[PDB]
Each structure stands twice: as C-alpha cells, then as structure tokens.
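Following: one structure in structure tokens, then a few remarks.
2 protein chains.
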Amino acid sequence: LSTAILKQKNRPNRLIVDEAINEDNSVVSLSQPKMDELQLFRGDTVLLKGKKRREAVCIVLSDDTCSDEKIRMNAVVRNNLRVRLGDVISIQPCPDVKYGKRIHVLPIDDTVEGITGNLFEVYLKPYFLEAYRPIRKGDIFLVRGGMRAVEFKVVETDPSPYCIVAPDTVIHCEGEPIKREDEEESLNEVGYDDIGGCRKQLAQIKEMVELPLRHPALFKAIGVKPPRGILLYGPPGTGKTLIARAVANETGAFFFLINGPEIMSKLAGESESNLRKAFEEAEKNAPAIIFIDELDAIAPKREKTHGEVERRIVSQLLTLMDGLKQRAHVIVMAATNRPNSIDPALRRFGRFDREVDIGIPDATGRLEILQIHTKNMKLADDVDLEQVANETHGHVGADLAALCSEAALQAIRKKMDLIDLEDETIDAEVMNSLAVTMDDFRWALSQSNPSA
Amino acid sequence: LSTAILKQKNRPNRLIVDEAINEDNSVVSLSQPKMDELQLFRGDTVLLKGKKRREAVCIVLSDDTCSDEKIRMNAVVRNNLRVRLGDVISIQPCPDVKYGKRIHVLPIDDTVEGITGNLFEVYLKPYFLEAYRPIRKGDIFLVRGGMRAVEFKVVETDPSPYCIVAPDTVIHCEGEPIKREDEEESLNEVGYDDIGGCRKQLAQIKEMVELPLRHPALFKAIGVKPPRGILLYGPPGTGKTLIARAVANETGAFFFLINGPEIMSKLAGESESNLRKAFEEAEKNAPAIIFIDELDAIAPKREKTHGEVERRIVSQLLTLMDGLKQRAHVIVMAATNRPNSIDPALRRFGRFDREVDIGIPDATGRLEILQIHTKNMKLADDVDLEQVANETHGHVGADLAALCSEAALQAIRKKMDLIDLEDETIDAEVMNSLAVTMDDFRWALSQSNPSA
Ligand SMILES: Nc1ncnc2c1ncn2[C@@H]1O[C@H](COP(=O)(O)OP(=O)(O)OP(O)(O)=S)[C@@H](O)[C@H]1O
Ligand SMILES: Nc1ncnc2c1ncn2[C@@H]1O[C@H](COP(=O)(O)OP(=O)(O)OP(O)(O)=S)[C@@H](O)[C@H]1O
Ligand SMILES: [Mg+2]
C-alpha cells in the first residue's frame with residue numbers, strides 16, 4: 012500500500028540468479044526464449060546490476076538446462092554483484108565497450124603466500140589470451156595455475172569503469188598485495204538487506220530521499236516541492252546509523268556523512284568550516300545526501316546550551332538548510348535518539364520537516380534482525396531463531412546483536428577445555444566444531460537487558 | 012563453568028617449580044622421562060615463562076632426584092620468573108639464540124657499598140668465563156667474589172631481549188648503581204595474584220580483552236565481532252586501578268594508560284592531542300589495550316558540564332571510539348566509581364558496550380584481600396585472618412589495605428619503648444621481633460571505617 016515503492020516489480024530483464032554450467036568468470040547464461048525477448052544475440056557483452064551499487068560485465072550465451080526467468084552465473088560473478096543464488100538482478104544490453112589498453116590488477120595476500128615466480132605469466136596471460144574478456148573496475152576474479160588458484164582485484168581500467176581485454180591490453184600487476192581484511196570490509200559493507208524490522212521506514216526513506224533525487228521529474232510534473240530534511244529518530248540502538256551506512260552504500264546519490272561528535276571534537280570555527288565544506292561539497296556533486304549522524308550533538312536547543320561556539324553552530328546549520336535553493340537537489344538526512352533535545356527551529360517547515368520513526372522492532376523485526384546477525388555464524392541444528400525473537404520483547408537491533416555476540420562467547424566458553432589463552436594459536440579441529448547451540452542463546456537470553 | 016577461562020590446563024611443558032640441586036644461575040633441571048617427551052636434549056638453551064610477563068633463558072640438564080612433573084631452579088631464576096616454589100611455569104624449546112657482542116650490566120647499590128676495586132674483574136669475568144651463559148634483559152643475577160656476593164641487573168643486550176654470553180661479548184658495567192628501591196617497585200609490580208575477590212570479574216576481563224586480542228581467529232571463525240569498550244565500575248577502592256595495573260603487567264597486548272585527571276590537567280587542545288596520541292599509539296602497536304582510568308573525569312554528561320573545552324573532549328573521545336575500524340585489534344578499557352555520571356553516548360553499542368562490575372567483596376573476597384595484603388607482613392602465630400574477614404562487612408579492598416596498615420602501626424606503637432624518633436637508625440634486635448599480633452588487628456578493627 013505505502014510499502015509500494017519497495018515492491019520487486021516484474022520485468023523482462025529482472026532474472027533469478029541460478030548456478031552456472033559454464034564455469035568461466037566472463038560468462039552468464041540465459042534460456043533461448045529469454046535472449047530473443049531482450050534482443051540479445053550470442054556473444055554480446057552485457058551489463059549486470061547487482062545489490063549495493065555493484066555491477067559486472069559479461070558475455071551472454073544460450074542455455075538449454077537454464078529456465079526462462081533465470082540467469083546462470085558462477086560464484087565469482089555472484090560475488091562481484093554481491094548476490095546469493097536466487098536473488099534478482101537486472102541484465103542490460105551493453106554494446107558500448109571499448110577495448111582497454113591499460114589494466115591494473117592485484118592479487119589477494121592470503122591467496123599468494125610462497126613463490127611469486129611471475130604472476131602475469133603463470134596466471135594472467137593464460138586467463139586473458141585471445142579471450143576478449145569483459146571486466147569492471149572492482150571485479151574480484153579467480154585464476155587457476157598449476158599448484159593452486161589466486162584471487163585478483165581489478166584496481167584500474169583504461170576506459171572509465173569497464174573495458175574488453177583485447178590482446179592490445181597492457182596488464183599491469185606490479186604493486187602491493189591487496190589485504191584480505193579490506194575486501195572482507197568491502198563484502199560486509201552494509202546494505203538494505205543488513206537492516207531488519209524497518210520495512211515501512213525503509214519505504215519512507217526511498218520515498219523521501221531516493222525518489223526525489225533520482226526522479227525529480229515526478230515532483231516537478233505533479234507540481235509539488237520535494238521535502239529536503241529527513242530526521243530519523245528512535246531509541247538507542249534501533250538502526251539509525253546502520254540505515255545511514257545502508258543508504259550510503261545503496262544510493263545512486265553522492266553521500267556525505269557528518270558525525271555529530273566528529274564536528275564538536277574540532278576547534279572553534281574549524282567545525283563551522285567543516286559544516287560549510289560538507290554543504291558546499293554536496294551542492295557541487297549534483298544529486299546528494301547529507302547525513303548528519305547524532306544531530307542532537309550539533310543542534311541542541313539554543314536555550315539549554317552554554318557555549319557561544321555551540322550556539323553559533325546551530326545558527327551555522329540553519330543558515331545552510333535555508334541556503335540550499337530548490338534547484339540544489341540535496342536532501343539532508345539526520346539521526347538522533349533524543350529528537351526532543353534538538354532546537355525546534357531546525358524541525359520547522361523546509362528544514363527537517365519530515366520524521367522517520369525507527370522504533371522498537373516487533374516480533375517479526377527481531378526475527379529479521381537475528382537472521383541478519385547470524386548469517387555468518389555457525390549455528391547448530393537445534394537453534395530456533397523464531398523462539399529467540401519471541402523471548403526478546405524489549406530488544407532493539409543493538410541488543411540482539413549483543414545477544415548473538417554473547418551466545419557466541421558461551422559456545423567459546425563450552426570449548427575452553429581444548430582452548431588455552433597461553434597457546435600461540437587455537438587447535439584446528441576445535442575451530443571447526445564451533446557451533447552456537449540454542450542452549451547458548453538461552454544463556455545469552457538469561458543475561459540479556461533492554462536499555463529503554 | 013564461566014570461570015573456565017581461568018583454569019590451569021595440564022600440558023607436557025607446564026611444570027611445578029622445585030628447589031635446584033644444581034645451584035648455578037643459568038641452569039634448570041628436569042627428569043629424564045620429561046626431557047624425552049618435550050624433545051629437549053642435554054645442554055639446550057630453553058625459554059621459561061613465569062608470572063606477570065616475566066621470562067628467563069636457561070640451560071636444561073637431566074636430574075634423577077627431580078620428579079617428572081617438576082622443574083628444579085635456584086632462587087635467582089625463581090626471582091626472575093617472579094615465582095615462589097610450587098608455581099606453574101612454561102618450558103619452551105629455544106634454539107634461536109645468537110651470541111651477544113655487547114651486554115650492559117649494573118650492580119645493585121646496597122650490595123656494593125665499600126671497595127669497588129674492579130667489578131668486572133672480581134665478579135663478572137669469573138661468572139661468564141667460557142660459561143656460554145644465556146641471559147635475558149631485566150634478569151637480576153647474583154655473583155660471589157671473595158668477601159661477599161653482589162647482585163647485578165641486565166640493563167641492555169646485543170640481540171633484542173636475550174643472548175648467549177660467548178667469550179666474544181663485551182660486558183659493559185660502567186654506570187650508576189641500580190637503586191634497590193627501583194627493583195623492589197619492579198618485584199612488587201601488580202599482577203593477577205595481587206588482586207583478590209574478583210575471580211569472576213577477572214574471568215570477564217580475560218574473555219572480553221585478552222581472548223579477542225590474542226586469539227581473534229575464534230571470533231572471526233564463529234562469525235562474531237569482538238566487543239571493543241569495557242567499562243569497569245564500582246564503589247571507591249574496589250580494585251579498578253589495581254586491575255588496570257595487573258592487566259598492564261600481565262597482558263601480551265601493548266598497553267596504554269590514560270589517567271582521567273592527567274588528561275584534564277593539561278592545556279586546552281594539548282589534552283585533545285594527548286588523547287589523539289594515545290589512540291594512534293595503540294593503533295600503531297597492533298594488538299593493544301587502552302585503559303582510561305577515572306573515565307568520569309574526561310567524559311561527564313555533556314549536559315552537566317559547563318566548559319567548552321570539556322564538552323569538546325567528550326566529543327573527541329566518542330570520535331576516537333568510533334574511529335577504530337574492525338581490523339584495528341584495539342580494545343578500550345575504562346574505570347569509574349560514578350558510572351552514571353558518564354555521558355550515555357559513550358555507553359552505547361560499539362563504544363563502552365560492556366560493563367564489568369568490580370563490586371564490594373564478600374566474606375571470601377575479604378579473606379583473599381587480607382591474604383594478599385599480609386604476604387610481605389610479619390604476622391604472629393595467633394593472627395586469624397578469617398576472623399578479620401568476618402568482622403569487616405562494609406570493607407572494600409582499600410579499607411582492608413588501610414586496616415592492615417594500621418594494625419602494623421599499632422605493632423610499631425607497642426615497640427615504641429625500644430624505639431626513638433631522635434635516633435639515627437633503629438636497633439637491630441627490635442626490627443626482627445616486629446610481628447603484627449591479632450590484638451593489633453582488633454585495635455585496627457575498632458578504629459576502622461567504611462567510606463560511609
Ligand atoms: N534494525 C536493525 N537491523 C539490523 N541490525 C541492527 C538494527 N538495529 C541495530 N542493529 C545492529 O546494532 C548495531 C547498532 O545499531 P546502530 O545503527 O549503531 O544504532 P543507532 O540506531 O545508530 O543508535 P544510536 O542512536 O546511535 S545510540 C548495528 O551495527 C547493527 O549491527
Ligand atoms: N579486590 C582487591 N584485591 C586486592 N587489593 C585491593 C582490592 N581492592 C583494593 N585493593 C587495595 O586497595 C588499593 C586501592 O584500590 P584501587 O584499585 O586504587 O581502587 P579503585 O577501585 O581504583 O577505586 P577508585 O574508584 O579509584 S576510588 C589497591 O592499591 C590495593 O592495595
Ligand atoms: Mg581507582
């Protein structure tokens with residue numbers, strides 16, 4: 012009804028990700044009646060659109076064993092689009108791909124320990140030779156060479172984001188091995204999927220922020236001015252900063268984060284100037300989102316605030332909010348856990364004049380949040396998260412996160428006989444058997460707390 | 012059960028310290044069936060790990076009169092390892108010891124009064140001649156030379172912490188005699204044995220701080236993010252700073268202490284910079300503990316704080332807490348006696364989101380604390396500390412330390428007839444008979460207070 016902006020919407024090119032029979036990194040497979048519909052001939056370089064901004068460029072081939080409404084892609088392409096099997100992706104015709112002449116690729120440290128020999132010769136040259144491979148900037152791809160397989164990251168390309176690797180292409184691979192931890196931090200960058208029990212609020216945020224920015228034509232056509240200040244409020248640990256992260260990673264808009272304490276940490280004036288810079292920055296990068304995290308830190312009630320610099324900063328902000336003209340295309344988002352401690356002048360018409368209530372999650376919310384928190388956790392057969400969702404009435408996302416963290420620690424406590432703090436590293440067998448049981452959760456639960 | 016992180020854990024190399032029959036400083040003795048098990052041949056240089064970070068490097072030889080599960084070492088090695096007879100120590104193979112070419116050794120002032128002659132010639136040369144002695148930095152060893160025996164400290168070594176003293180080694184011994192008081196402060200540096208009635212809290216600290224730092228694999232494997240801010244709270248004098256000292260001395264982690272008042276004592280901005288420096292330092296020294304003692308001094312509720320600089324420092328801290336990325340491996344500990352006067356933003360998820368309650372000790376707690384406080388005291392046959400533990404309901408460890416101090420002063424008051432303030436030094440006999448009687452404690456008890 013109102014959640015309508017979030018609905019999947021069936022389209023010719025919106026296809027379910029299936030496991031590949033053609034195991035090559037550069038190839039995706041569609042059924043023959045699907046290729047005909049989109050007017051995609053055999054061998055055409057296509058543009059795939061995943062989750063969290065992510066893209067990949069592939070060659071399309073026919074497949075008999077593949078379904079009409081499905082697309083076949085291997086683990087690498089799925090990883091690059093940040094999608095698990097049975098996720099929807101957009102396939103797009105991509106006939107504008109120029110042949111690259113300079114690509115910079117770098118291996119991943121943990122997949123490269125012992126004997127360098129030559130990385131280009133043993134790995135990259137047999138991978139690319141006469142293959143006319145499409146690759147995107149930021150693609151993590153795997154190459155096999157004798158003893159074992161090495162993962163590589165595409166760091167730079169010759170045309171802007173993507174190119175075909177012709178025999179012309181100089182394949183630079185000199186430099187520092189990419190730290191595994193950087194790409195773990197990149198894989199586990201927050202998306203809309205990482206935020207649970209906020210469906211109707213995520214709808215509001217797309218309505219108030221994403222829709223006026225990426226489709227301002229609607230608002231101008233309907234003769235209505237888009238709201239320009241969206242305040243997210245709610246109790247401590249409900250997901251405001253997470254939604255902030257998610258928005259930052261999921262929007263097409265340019266995103267500028269301002270942390271409340273971050274601003275107030277800095278010297279008198281040097282903080283007024285940083286705000287100024289943030290608003291001029293957003294203006295400069297046409298369609299933008301300014302996120303002011305912890306608004307209450309920078310904008311408290313001009314009455315209940317003793318310092319002149321502090322009183323000046325609230326004035327500096329109001330001026331900037333009013334200073335953005337209609338044709339700026341900048342939406343200011345803010346988060347707080349004490350909305351009633353913000354200067355009401357900021358919450359007036361034209362400033363933060365729309366409120367999104369990130370409240371306490373319902374039983375279904377808690378289940379979502381538990382599902383998101385345990386996605387990378389080894390859980391036992393007996394763990395019932397619907398049970399955990401029901402026994403956690405007072406719990407916000409942060410509480411449940413801690414709950415899972417404690418339940419994990421209890422599982423570690425159970426394994427403390429075969430572990431010692433004095434050992435250099437932990438025994439191999441002991442590490443694999445680590446599973447968080449339901450009995451662990453029941454111990455976490457017994458120790459649990461709300462904050463509210 | 013939860014105390015499991017603290018259990019001793021039987022290993023091949025974990026051995027009980029027995030008195031040496033081989034009286035030489037460089038030598039430890041094991042039974043023949045124990046040397047076989049650990050694959051340690053005769054004469055091999057080994058690494059011994061005692062209490063409170065302390066290590067010694069020694070030669071291993073067989074002994075018939077020594078038990079299988081025991082290790083024979085003289086007073087000097089035991090001192091260096093900070094162990095009484097019948098403590099557990101790690102013995103470790105150590106074949107990577109290069110011959111040192113420059114060692115700096117200094118005598119201890121009270122063991123060196125009268126006739127220098129030549130310290131190296133009379134003492135150190137016969138001690139090292141063709142001996143191929145393993146020594147570590149910070150070893151205090153004793154040497155005999157005609158008239159008497161002199162103690163020496165190893166101040167500096169040629170390879171990093173330890174080396175073999177070959178006939179190549181220049182043994183420098185020029186410099187100031189090491190003050191006995193320095194090494195008394197070093198012997199009596201606080202460890203986990205010096206802290207009592209906090210068994211379950213100490214378990215918590217090892218879980219939350221030591222375990223994620225020295226074994227981050229567990230948390231990554233189990234799919235759980237380690238907590239990064241641990242707040243110790245409780246009433247005045249309960250052991251927080253003591254635990255801070257014990258942790259500093261007992262961890263494998265690099266440790267950085269920030270005292271609340273120490274920070275607030277410094278000029279405006281020059282304090283923000285010292286906070287900045289501390290966090291950067293901890294980050295720089297890979298696995299680290301930052302301890303902010305008296306947190307309430309630096310982070311009070313941003314409302315109930317009048318000064319702009321003070322408000323700025325709270326913002327500076329929060330920023331740093333949030334500034335440490337996942338892959339930093341820095342846990343921040345803090346202590347307070349007024350937890351409810353700390354800005355709540357600091358106590359939220361991701362910040363100091365874990366609390367350890369160092370509370371009032373029970374009867375068994377008080378007993379532990381009295382046993383720790385009297386370990387260096389001369390006590391009478393009639394002194395019953397269980398009786399004292401039971402008579403002290405309101406007492407925290409600080410009250411008990413004061414209680415022990417007063418009972419000692421009373422024992423001194425009893426000995427005032429044979430002592431006078433006007434004398435140059437106190438009579439020899441008088442000093443030895445000094446024993447703190449139970450009657451002294453009953454006086455101390457009669458005068459005692461809680462912080463009521
Ligand atoms: N609705 C949610 N869905 C999924 N995870 C959540 C949610 N709410 C909280 N979490 C988890 O809890 C953590 C803390 O949530 P934050 O977004 O930092 O809290 P917050 O709403 O910003 O609270 P304040 O106002 O800063 S105290 C996140 O890193 C998530 O792991
Ligand atoms: N649990 C304990 N075990 C052994 N000694 C203790 C204990 N608690 C206190 N003491 C003694 O009392 C002294 C003071 O304790 P501190 O750790 O300095 O107090 P604290 O808990 O830091 O209290 P605040 O909040 O600073 S007043 C220590 O130096 C110890 O000698
Ligand atoms: Mg203290």
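Chains F and A, in that order, give the protein sequences.
The entry's author numbering numbers the first residue of the first sequence as 12 and each following residue consecutively.
The entry's author numbering numbers the first residue of the second sequence as 12 and each following residue consecutively.
C-beta: ideal position from N, C-alpha, C; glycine also.
Option in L213/A, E292/A, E402/A and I309/A with minimal Cα separation from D368/A: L213/A
Bridge partners for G240/A per DSSP, in chain order? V343/A
Report the neighbours of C209/F on chain A: residues whose CB is nearer than 7 Å to its CB, in chain order. Per Cβ cutoff of 7 Å: no residues; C209/F is ~16 Å from chain A at best.
List the residues of chain A that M158/F touches, going by C-beta distances under 9 Å, in chain order. None at all; the shortest Cβ gap to chain A is about 25 Å.
Give me the DSSP bridge partner(s) of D368/F. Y244/F
Below 8 Å between beta carbons: does that hold for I102/A and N24/A? yes
Is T76/A near ligand 2, in the sense that its beta carbon is under 7 Å from a heavy atom of that ligand? no
Beta carbons nearer than 7 Å to chain A: which residues of the segment 108 to 134 of chain F have them? none
Near-chain F residues of the segment 349 to 380 of chain A (beta-carbon distance less than 8 Å), N- to C-terminal order: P355, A356, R359, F360 and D364
Using DSSP with H/G/I as helix, E/B as strand and the rest coil, what is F363/A? coil
Nearest-angstrom beta carbon gap, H340/A and residue 7/A [assumed within contact, 8 Å]: Because chain A in this structure spans residues 12 to 463, residue 7/A falls outside the shown range and cannot be described.
Measuring only from the beta carbon, is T249/A closer than 7 Å to any heavy atom that is part of ligand 2? yes
With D304/A as the anchor, note down where its beta strand (DSSP E) starts and where it stops. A299 to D304
Hey, would you say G202/A sits closer than 8 Å to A257/A, going by beta carbons? yes
Using a Cβ-Cβ cutoff of less than 6 Å, which residues in the same chain neighbour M332/A once the five nearest sequence positions on both sides are dropped? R362
Contact between the segment 347 to 358 of chain F and the segment 240 to 251 of chain F: three or more CB pairs below 8 Å? yes
Beta-bridge pairing of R147/A - partner residues as DSSP gives them: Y173/A
Please list, in chain order, the chain A residues whose beta carbon lies closer than 7 Å to that of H406/F. Within chain A, no residue comes near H406/F; the closest Cβ sits about 12 Å away, beyond 7 Å.
Considering only the alpha carbon of each residue, which of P272/A, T448/A and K389/A lies closest to residue 10/A? The first residue shown for chain A is 12 and the last is 463, placing residue 10/A beyond what the model contains.
Say yes only if the C-beta of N348/A is nearer than 7 Å to one or more non-hydrogen atoms of ligand 2, and no if none qualify. yes
As a quick exercise: from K312/F, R210/F and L222/F, pick the residue whose alpha carbon is nearest that of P298/F. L222/F
Which full runs of the alpha helix (DSSP H) of 4+ residues lie inside the segment 46 to 114 of chain F, going along the chain? 86 to 91
Measuring CA to CA, which of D35/A, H226/A, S416/A and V165/A is closest to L432/F? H226/A
Is there a Cβ from chain A that is less than 8 Å from the Cβ of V320/F? yes
Nearest to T262/F (by Cα), restricted to the options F290/F, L224/F and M275/F: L224/F
Between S73/F, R64/F and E66/F, which lies nearest to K45/F when the distance is taken from Cα to Cα? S73/F
Quick one: residues in its chain with C-beta nearer than 6 Å to the C-beta of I189/F, no 5 flanking neighbours on either side, listed in chain order? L117, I119 and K164
Same chain, Cβ closer than 8 Å to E294/F, neighbours up to 5 away in sequence not counted: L335, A339 and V341
Three or more C-beta pairs under 8 Å: does that hold for the segment 139 to 146 of chain A against the segment 167 to 181 of chain A? yes
Excluding sequence positions up to five away, which residues of its chain have a Cβ less than 6 Å from the Cβ of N36/A? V87 and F152
Span of the alpha helix (DSSP H) around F290/A: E281 to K295
At least one CB of chain A closer than 8 Å to the CB of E192/F: is that the case? yes
Neighbour list for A422/F in chain A, Cβ cutoff strictly below 7 Å: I233
Going along chain F, which residues have a C-beta under 9 Å from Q458/A? Correct list: empty, because the minimum Cβ distance to chain F is about 41 Å.
Tell me, please, which residues DSSP counts as bridged to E124/A. DSSP, once it has assigned bridges, lists no residue as partnering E124/A.
Return yes when the C-beta of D304/A is under 7 Å from any heavy atom of ligand 3, and no when it is not. yes
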